[PDB]
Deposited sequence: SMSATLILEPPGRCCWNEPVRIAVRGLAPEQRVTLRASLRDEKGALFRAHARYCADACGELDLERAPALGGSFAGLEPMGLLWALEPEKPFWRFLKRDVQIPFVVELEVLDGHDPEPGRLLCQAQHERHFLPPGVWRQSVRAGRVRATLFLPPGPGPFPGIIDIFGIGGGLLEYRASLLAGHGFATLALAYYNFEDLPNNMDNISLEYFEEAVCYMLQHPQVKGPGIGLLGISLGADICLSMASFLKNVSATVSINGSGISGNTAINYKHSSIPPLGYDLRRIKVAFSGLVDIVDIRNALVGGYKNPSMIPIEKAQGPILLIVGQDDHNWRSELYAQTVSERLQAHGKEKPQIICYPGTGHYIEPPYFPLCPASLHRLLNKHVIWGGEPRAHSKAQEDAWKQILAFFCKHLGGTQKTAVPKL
């Protein structure tokens, strides 16, 4: 009676299989993991073995559980924390998560007898990818190099509000042949402890660090940002030299809460108003409307002058984003480019998808503490639809950077 995992990194699909069951036996499968602070994540699903007493998750549908239907990776993407408002993250990329898998007898709520167990390590630092902390000038970052002679096409990776240095996107990208820089800009070592001003000179220095590194191919670098990071990536593309291609995931394309400055140019903030928060029946807060109206549309003074960018731009949007109206913004950015005689950016819009489009099989966190506001907010997204968005967006990003870098 045995559990098989064929043929490995968190974002890679795997085939889960069970041999040695009774013919057409009713079983529950359960998956579990403790994250880096000891918080528990779990998921389960009910199945029936076939006539040979075999179960194959790529062919047999879940009849119920944390999800239902033909979902081979569901036991991983549907994982939910015990503790509410707790988000699935990876802070130490060099240590894997261990997933405990278990096959239990029956479909009963009170779990049946243990038929088998298996522990599989899921990785965030792919095979032979080398990691190095970067302290160069004021730049605080981490560099990931693929294995091989090199040099490699280079990408800089920028998160939104939250601060610190999260590496997990850059480490996984490094597994596809890109040198990648995870870049911190506040709330990390000696960097400022806040976000009162975005000064682009800091990010220019990170570009310069990358383009001068012996293992970074060039002539330009790729930029990948989410949220405020996406906006910073669009600003960098608009103002700096040697940016070859830019991907924005749920960016806004405007200076929002804080001015964007570079040398003798400043983009004024549009501002927000907290009276525009909406409290759901549940008590959750929805901030999607707090920002001031983008009057004039693409002519609005708060617009990042993205017509200045020399390279191509890809905009990725969660249609169910509750942090802000990423879909509306992406169109306006498109309208801005077209009006100054540039090519339409590529826009990919994902239905049922929220603000936080993570790498593949990262479980959705529907709501958590918003750090500025000190209240629990919804982020948007439905688990199944969000999960397919995260799988597809990864491939779109790889294809885009492959082509342009």
property	result
Where the deposited sequence has no C-alpha coordinates (positions from 1, in order)	1-3, 11-13, 412-422
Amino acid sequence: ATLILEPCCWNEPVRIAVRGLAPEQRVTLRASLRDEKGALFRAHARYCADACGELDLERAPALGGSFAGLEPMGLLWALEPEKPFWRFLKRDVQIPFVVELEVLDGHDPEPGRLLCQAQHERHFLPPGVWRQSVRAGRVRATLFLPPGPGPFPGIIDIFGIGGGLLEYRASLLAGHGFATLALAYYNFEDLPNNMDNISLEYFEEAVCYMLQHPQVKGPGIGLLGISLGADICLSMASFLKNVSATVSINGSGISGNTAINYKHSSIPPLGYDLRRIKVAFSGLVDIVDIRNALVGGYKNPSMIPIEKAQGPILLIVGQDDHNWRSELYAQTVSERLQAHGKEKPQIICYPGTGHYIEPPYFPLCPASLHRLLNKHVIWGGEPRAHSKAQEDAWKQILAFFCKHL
From here on, numbers count along this sequence of modelled residues.
query	finding
Mean Cα B-factor comparison, 57-65 or 376-384, giving the higher one as deposited	57-65
360-368 versus 28-36 - greater average Cα B-factor per the deposited record	28-36
Which of 301, 229, 253, 96 ranks first by CA B-factor in the deposited coordinates	96
Top Cα B factor in the deposited entry, candidates 153, 271, 127, 160	127
Assigned third (lowest, middle, highest) for the C-alpha B factor of residue 355	lowest
Ranked against its chain, the third holding the CA B-factor of residue 320	lowest
Residue 113, C-alpha B-factor rank within chain (lowest, middle or highest third)	highest
Where the record places residue 82 (Cα B-factor, split into thirds across the chain)	highest
Third of the chain's Cα B-factor distribution that residue 196 belongs to, per the entry	highest
